[PDB]
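Quick setup: one chain, the form deposited in one PDB entry, written in structure tokens, and binding and motion questions come after.
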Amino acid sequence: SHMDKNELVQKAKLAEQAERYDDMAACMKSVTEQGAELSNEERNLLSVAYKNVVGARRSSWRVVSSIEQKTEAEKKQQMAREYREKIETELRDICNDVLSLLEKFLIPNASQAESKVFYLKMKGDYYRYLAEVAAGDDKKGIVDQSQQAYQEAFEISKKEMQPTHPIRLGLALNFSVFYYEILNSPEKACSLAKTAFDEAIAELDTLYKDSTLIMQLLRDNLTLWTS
């Protein structure tokens, strides 16, 4: 009556093909706000597009943040500092948009356990991104929001999913990286990774392509972290 969701979706797919991820995200944001549950396709369009869109700002944030530190020259360092801060603001606006879709529309309207974990994982992911750039006083509470989301995702997957399931494994991977990069807790990190790795291999005979990829990443991480 008031708007057209099927045409927004077509426009997201077309934005995708055109490699226009902001355009893309804005369609998927508008689609999520119509309030109906997202099919597996539309969920993926949402994820891919906010992944690309935030991922460019994170990538950029790093490059400019490293250049800021590698110049402990005063005036060129202030330029980099200000340019970093521009980048964080764009980053935060993105994270805030997604977290709102998550908490308001997506999580509460997820009917199956597979999707509830997918969205809670994503909740923790985007809180995590926010914690990568948090200033002192706000950092603690943002980190906690990340952790609680991942935890609540973690437990649902342990009860409701196979340990070889890619989403459970993606959750395990991202959750370990949280512990390692955010909390600076390598023992909890490696243990979470290994435990979730080991349990997957122990049913690697049941399955494949999707799960293996994550298992590889889990492994490369463990390797890097023990050093």
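Whichever C-alpha set is largest while still superposing within 1.5 Å between the two forms counts as the rigid core. For every residue, the number given is its place in the sequence shown, counted from 1.
- Omission of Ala73 is seen in a third or more of the other entries compared for this protein where the adjacent residues are built.
- According to the PDB entry, the deposited sequence runs on from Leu14 to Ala15 with no residue lacking coordinates between them.
- Going from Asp137 to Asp138, the model skips none of the deposited residues; the chain is continuous there.
- Of the two segments examined, 55 to 63 and 158 to 166, it is 158 to 166 that shows the higher average Cα temperature factor in the deposited entry.
- Look at the mean CA B-factor for 122 to 130 and for 107 to 115 in the entry; the higher one is 107 to 115.
- Within the listed group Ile201, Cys27, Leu38, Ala172, the record reports its top CA B-factor for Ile201.
- Ranked against the other modelled residues of its chain, the C-alpha B-factor of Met3 as given in the entry falls in the middle third.
- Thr32: CA B factor lies in the lowest third for its chain, per the PDB record.
- Looking at the C-alpha B-factors along this chain, the one for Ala149 belongs to the middle third.
- When the modelled residues of the chain are ordered by their C-alpha B factor, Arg84 lands in the lowest third.
- When all modelled residues of the chain are sorted by CA temperature factor, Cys190 is found within the middle third.
Beyond what is shown, the protein has a form deposited in another entry; the following relates to that form.
- Core-superposed comparison between the shown form and the other one: the CA of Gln216 stays below a 2 Å shift.
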